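>>> before the rest arrives, take these chain(s) from the complex:
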Amino acid sequence: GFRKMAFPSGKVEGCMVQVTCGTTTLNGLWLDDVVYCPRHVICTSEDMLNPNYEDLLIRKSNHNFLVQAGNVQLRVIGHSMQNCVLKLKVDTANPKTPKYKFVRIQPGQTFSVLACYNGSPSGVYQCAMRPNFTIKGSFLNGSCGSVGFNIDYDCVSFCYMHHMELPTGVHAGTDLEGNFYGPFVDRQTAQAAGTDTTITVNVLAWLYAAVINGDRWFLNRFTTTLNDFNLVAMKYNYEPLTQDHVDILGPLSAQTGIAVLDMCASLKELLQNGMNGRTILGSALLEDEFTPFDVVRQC
């Protein structure tokens, strides 16, 4: 079988707290004795249009921040700002702190999102960093400070903190150093992203997944060069395929005995013709939010 699969979220659930300043409430991440959260918690409705965050922060005291782990209030003993992330030092360490790292992911890479409201986890799902640095998430009011992450041998790699929604319904945020992915800004304005593209290496991974699970109507006897595939890919606003990408697909190629460039020839035919009403793994659309690693692990 094959489904979109998220990492188990327990290690991150143990770190989620509620952070309140004024009449603004969102989520924070409690690691050791520090709570990380979006800096726009310090804004008011009038501030959010063109906020001078340095000015706004100097006017705040430690006692203006209300941090709550469940029913328990945590005392803020210091605060600083790192790009778009506020760091609140608290006097108690989180015993539930996992082994962790802060990473900045590359477009095309996937991660799990733990969506939280008022410091309480609500759901978990798998996202990809779009090539235009948006993410197609499910985030409502109060979700800010929800984080995205991957897990590797009990170590949690935090890669995303949520900040905003765009008019098209996609989302934008930062890494845990507070730098936005993409050309976005934490001000209350309608922002557009650059033109998105489809993550080609992931579509190929997913086609290999469809084959591993016995779905093959789209395979063909033809083949293609890497450059000629990339010309057609770019015409249809697919990302070009690098030789690193070809190499990353090897294990799936071997597992199925289908050369990478043969699968490229199949994808080319789908782009040029369509799916003729047929479906792949249930979908009427080509899916590009499974990486090669994702497919392997689950297969």
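Received, thanks. Numbers count the residues shown, from 1 in each chain, chains lettered A, B, ... in the order given.

>>> Compute the number of surrounding residues for residue A:6.
By the measure other C-beta atoms under 10 Å, the count of residues near residue A:6 is 18. Every residue, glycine included, has its C-beta placed from N, CA and C.

>>> Now it: closest residue in space, sequence neighbours ignored.
Closest residue in space to residue A:6, ignoring its immediate chain neighbours: residue A:112 at 4.0 Å, by C-beta to C-beta, 6 or more residues apart in numbering.

>>> so which helix or strand takes in the one you found?
Here residue A:112 sits within strand A:110-117, counting by DSSP states H and E.

>>> How about residue A:12?
Using DSSP H and E, residue A:12 falls in helix A:10-13.

>>> Buried residues of that helix, list them for me.
By neighbour count with 16 or more other C-beta atoms under 10 Å, helix A:10-13 contains the buried residues A:11-12.

>>> Would you mind pulling the contact partners of that helix?
The contact list for helix A:10-13 (C-beta atoms under 8 Å, 6 or more residues apart in numbering) reads A:29, A:96, A:98, A:114, A:121, A:147, A:149, A:151, A:154, A:156.

>>> which residues does residue A:119 contact?
Contact analysis of residue A:119 by C-beta under 8 Å, 6+ apart lists A:16-19, A:27-28, A:68-70.

>>> between those, which has the most around it?
Busiest of the contacts of residue A:119 [other C-beta under 10 Å] is residue A:28, holding 33 neighbours.

>>> so residue A:139 sits right up against residue A:161, yeah?
No: counting by C-beta atoms under 8 Å, residue A:139 stays clear of residue A:161, with 11.4 Å between them.

>>> Looking at those two, which has the bigger crowd around it?
Shown here are residue A:139 and residue A:161; by other C-beta under 10 Å, residue A:161 has more neighbours (24 against 21).

>>> Assign a three-state SS to the more buried one, would you?
Under DSSP: H, G, I helix; E, B strand; the rest coil, residue A:161 falls in the strand class.

>>> can you pull up the bridge partners for it?
residue A:147, residue A:174 (DSSP bridges).

>>> From residue A:109, how far off is it?
Applying C-beta to C-beta, to the nearest Å, the value for residue A:161 to residue A:109 is 16 Å.

>>> One more: residue A:278?
Residue A:278 is 29 Å from residue A:109, where distance means C-beta to C-beta.

>>> More neighbours: those two, which one.
residue A:109 (18 against 11).

>>> Pull up the gap between the more buried one and residue A:279, please.
For residue A:109, the distance to residue A:279 (C-beta to C-beta) stands at 26 Å.

>>> Check residue A:117 too.
Residue A:117 sits at a distance of 35 Å from residue A:279 (criterion: C-beta to C-beta).

>>> who has more neighbours, the two?
Using other C-beta under 10 Å, the more surrounded residue of residue A:117 and residue A:279 is residue A:117, with 21 against 12.

>>> ok, the spatially closest residue to that one that is not a sequence neighbour - contacts?
Of all residues beyond its chain neighbours, the one nearest residue A:117 is residue A:142 (4.6 Å), with distances taken as C-beta to C-beta, 6+ apart. Residue A:142 is in contact with A:25-27, A:117-118, counting by C-beta under 8 Å, 6+ apart.

>>> What number of residues are in the vicinity of residue A:122?
14.

>>> Oops, could you answer that again for residue A:137 instead?
Applying other C-beta under 10 Å, we find 21 residues neighbouring residue A:137.

>>> Equivalent analysis for the one 10 residues further on, please.
Residue A:147: 25 surrounding residues under other C-beta under 10 Å.

>>> Just confirm it contacts residue A:28, I think it does.
No: using C-beta under 8 Å, residue A:147 is not in contact with residue A:28; the gap is 9.6 Å.

>>> then chain B, please:
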Amino acid sequence: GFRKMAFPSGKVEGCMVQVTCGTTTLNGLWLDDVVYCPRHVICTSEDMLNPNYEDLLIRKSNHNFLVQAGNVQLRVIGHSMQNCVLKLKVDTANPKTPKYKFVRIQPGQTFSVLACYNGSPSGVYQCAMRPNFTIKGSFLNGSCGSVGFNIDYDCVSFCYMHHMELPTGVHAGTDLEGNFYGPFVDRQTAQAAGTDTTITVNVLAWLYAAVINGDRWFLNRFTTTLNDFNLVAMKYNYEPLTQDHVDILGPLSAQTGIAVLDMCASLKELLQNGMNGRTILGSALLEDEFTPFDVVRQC
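With chain B added, the chains above now look like this:
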């Protein structure tokens, strides 16, 4: 705009253990001082075609069961069989036991699965119980004893425990009282699922979701009786609606002001005429794995 979202898995992660007999290891669920697992952990390969579980259990003693949380052994102090589940009394009450219930779900209901191997969680995903009492999971060897669950106001409702795969690649299992969903048995014999059908109540939920988001071209000014709709539905391999289905659509019907039987009339028209090249929620296919509760959550 909608995606499969799982419940945060942490409360369930804290209950997963491994249960071994000889070299056969699967997963178990540790709640208070009882571990629940599939009874076929007591089978050798020779026993699995036509096991005499009652006879196999008589030869078992407490000291034959290796239960481990991680690498830490949990001593077994009693054992009993309840239908297709083994219950192992252990000498330690699980300190991470959540508030919980055992529930038996209906076809069409959705739940999160925490896929586990050797007592270690690998991933979490959302499943729907199909009308033929199979699920389309992602399960590998050693996944038995993985559980499906819903979470309501901090209470975990356990509804599924995994036991087997069917030739078509779908999966079958029991509730936590050990009664299989569907006509299946825990024997290593070839078994067939009934022909599957589309989950009508979930398609209706999906149409309500489309209306909530402003996509409502398919609404018409007609209605139908429940019986007339059910008789048409069956001719298109749609599940007939129950009174419980009508009731769980209540909130969405209230939210939109569209009576359930009016929406049924719109669906009937879609079934009899097709989509005429149009889309709903950006899809030419009707989705049937989002329940009325799922829709409310994400909307």
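
>>> Please re-evaluate the contacts of helix A:10-13 in the presence of chain B.
A:29, A:96, A:98, A:114, A:121, A:147, A:149, A:151, A:154, A:156, B:8-11, B:13-14, B:121 (C-beta atoms under 8 Å, 6 or more residues apart in numbering or on different chains).

>>> Only whichever of those residues are buried, select them in PyMOL.
Provided next is the PyMOL selection string for whichever of the contacts of helix A:10-13 are buried by 16 or more other C-beta atoms under 10 Å in any protein chain shown:
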select buried, (chain A and resi 29+96+98+114+121+147+149+151+156) or (chain B and resi 8+9+10+11+13+14+121)
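
>>> For the stretch 101-250 of chain A, which residues are neighbours of chain B?
Proximity of the stretch 101-250 of chain A to chain B (C-beta under 8 Å from any C-beta of the partner chain) is limited to residues A:114-115, A:121-125, A:136, A:138, A:169, A:213-214.

>>> how big is the angle separating the helix or strand just after the strand holding residue A:112 from strand B:110-117?
Going down the chain from strand A:110-117, the next helix or strand is strand A:120-128, by DSSP H and E. Angle, strand A:120-128 to strand B:110-117, by axes from the mean of the first three to the mean of the last three C-alpha atoms, to 10 degrees: 70 degrees.

>>> buried ones in strand A:120-128?
Buried-residue list, strand A:120-128, by 16+ other C-beta under 10 Å: A:121-128.

>>> Repeat that for stretch A:170-180.
Neighbour count says stretch A:170-180 has A:170-176, A:178, A:180 buried, by 16+ other C-beta under 10 Å.

>>> Could you check how far the residue in the stretch 1-150 of chain A positioned nearest to chain B is from residue A:170?
When scored by C-beta to the nearest C-beta, the stretch 1-150 of chain A has residue A:10 as its residue closest to chain B, at 3.0 Å. Computed with C-beta to C-beta, the distance linking residue A:10 and residue A:170 is 28 Å.

>>> how about the closest residue to residue A:181 other than its chain neighbours, what does it touch?
Distance criterion C-beta to C-beta, 6 or more residues apart in numbering or on different chains; nearest residue to residue A:181, sequence neighbours excluded, is residue A:133 at 4.1 Å. Neighbouring residues of residue A:133 by C-beta under 8 Å, 6+ apart: A:107, A:172, A:180-184, A:193-194.

>>> likewise residue A:65?
A:19-21, A:76, A:79, A:88.

>>> can you pull the alpha-carbon coordinates of the strand holding residue A:112 into PDB?
Once non-C-alpha atoms are left out, strand A:110-117 reads as follows in PDB (Å, rounded to 0.1, in the frame of the first residue of the first chain):
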ATOM      1  CA  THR A 110       9.100  17.300   2.500                       C
ATOM      2  CA  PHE A 111       8.300  17.600   6.200                       C
ATOM      3  CA  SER A 112       5.600  16.900   8.700                       C
ATOM      4  CA  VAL A 113       3.500  19.700  10.100                       C
ATOM      5  CA  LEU A 114       2.000  19.600  13.600                       C
ATOM      6  CA  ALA A 115      -0.900  22.100  13.500                       C
ATOM      7  CA  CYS A 116      -1.600  23.600  16.900                       C
ATOM      8  CA  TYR A 117      -4.100  26.000  18.400                       C
END
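
>>> returning to that earlier point: and the buried ones among the contacts of residue A:133, selectable in ChimeraX?
Buried subset of those, written as a ChimeraX selection, criterion 16+ other C-beta under 10 Å:
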select /A:107,172,180,181,182,184,193
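
>>> Format the contacts of residue A:133 as a markdown table; extra columns: secondary structure.
As requested, the contacts of residue A:133 are exported to a markdown table (three-state DSSP):
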| residue | secondary structure |
| --- | --- |
| A:107 | coil |
| A:172 | strand |
| A:180 | strand |
| A:181 | coil |
| A:182 | coil |
| A:183 | coil |
| A:184 | coil |
| A:193 | coil |
| A:194 | coil |
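
>>> From the contacts of residue A:133, pick the one nearest residue A:56.
Nearest to residue A:56 among the contacts of residue A:133: residue A:180, at 18.2 Å, using C-beta to C-beta.
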